[PDB]
Amino acid sequence: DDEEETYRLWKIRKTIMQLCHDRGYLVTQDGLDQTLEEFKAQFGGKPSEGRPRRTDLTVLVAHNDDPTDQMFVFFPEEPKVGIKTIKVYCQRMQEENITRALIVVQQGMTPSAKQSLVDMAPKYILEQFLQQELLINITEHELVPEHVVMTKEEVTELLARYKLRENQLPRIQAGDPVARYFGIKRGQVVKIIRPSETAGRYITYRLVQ
DNA sequence: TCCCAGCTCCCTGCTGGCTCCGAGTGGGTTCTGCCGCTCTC
């Protein structure tokens, strides 16, 4: 229904705000907690043949340390995102001169488009996200523990302390849902803190490789 | 210059093939080619 799809847009915007906050970017508190009525007042009440048309939902955020990181998110119109739409989005990325973006696909993009995302990867970072994936925050589940992204100096200090190579660490795939949530890439180490039945707290390090 | 119809290419779904199947132990049995045809005494 129209009310259901309005709820869907509000919830997915809340998940985008939580993801951008967890990735280290700057979001406002009221942007973090928007109600359904407040979202409807801000963007429109009936999106079908109405005001919120999935184009005005793009978000400008910047990193806390660097105000020129300038990450956007995009909500494509068509359910099947293709090379034409991705080329339009990347050309737009070129004139506003930003490097990183998120694409929130309705159902799925074409294999040629998802390959073009890999081909465009060095200069511009493009990530595919389904609307079904972002309908809930997976980091709030009781099974999922806390994930902390480590800096390069911290990783170097860790490997010097334990006298380890990068191969000897446990691994996590780049296609992992938490890895895609944090936007981690190959070669980085994620730090997992979980409660322990026997010791109380246990810390595990995993290499994204 | 540009709009279609036709060819190209990657993913998805399905079918056929291959490997595996508890640890020890004590007895017993049958079977270890055979018909033949040239060859040798």
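All residue numbers refer to a per-chain count from 1 along the written sequence rather than necessarily to the numbering of the entry. Residues that lack coordinates are not shown. All chains are assigned letters beginning at A, and all ligands numbers beginning at 1, according to the order in which they are written. Reported values pertain to the displayed chains only, which are themselves part of a larger assembly. Hydrogens and water molecules were not included; the side-chain quantities draw on all heavy atoms of the structure.

Per the PDB record, this model was obtained through cryo-EM at a reported resolution of 3.0 Å.

S.K.: Before we move on, could you go through the pairing of strand β8 (residues 200-208) and cite the residues and values that matter?
M.R.: Here, any two strands with at least 2 DSSP bridges between them count as paired. What counts as a helix is a DSSP run of H or I of at least four residues, what counts as a strand is a run of E of at least two, and both are numbered from the N terminus. Of the strand pairs in this sheet, strand β6 (residues 171-172) and β8 are connected by 2 bridges, and their pairing is parallel. Directly across from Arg171, in β8, lies its bridge partner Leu207. For strand β7 (residues 189-196) and β8, the ladder comprises 8 bridges, and the chain directions are antiparallel. Looking at β8, one finds that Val190 is bridged to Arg206.

S.K.: So, the UniProt feature "domain: RNA polymerase Rpb5 N-terminal" (unreviewed entry) in chain A: which residues are in play, and what are the values?
M.R.: UniProt positions are given in the numbering used here, feature names are shortened, and annotations may be inferred rather than shown by experiment. Taken from the UniProt record, the annotation "domain: RNA polymerase Rpb5 N-terminal" (unreviewed entry) applies to residues 3-93. Taken end to end, residues 3-93 is 47% helix and 8% strand, and its two terminal C-alpha atoms sit 32 Å from one another.

S.K.: Outline the layout of surface pockets, listing residues and values.
M.R.: For the largest pocket, the calculated volume is near 1100 Å³. The method works on a 1 Å grid over the protein atoms by themselves. A cavity is a set of points holding a 1.4 Å probe that cannot get out, a pocket is an open set with protein on both sides within 12 Å along at least five of seven lines, and residues with an atom within 4 Å of a point line them. Taken together, 33 residues make up the lining of the largest pocket; nearest its centre are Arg100, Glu127, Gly183, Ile184 and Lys185. For the lining of the largest pocket, the secondary-structure elements that each account for two or more residues are α5 (111-119), β4 (125-130), α6 (152-162) and α7 (177-182). At 5 residues, β4 tops the list of elements feeding residues into the lining of the largest pocket. Each domain span listed reflects an automatic or database assignment of domains. No fewer than three residues from each of domain 1 (1-136) and domain 2 (137-209) sit in the lining of the largest pocket. Grid points are joined across faces, edges and corners, and a volume is the space filled by probe spheres set on the points.

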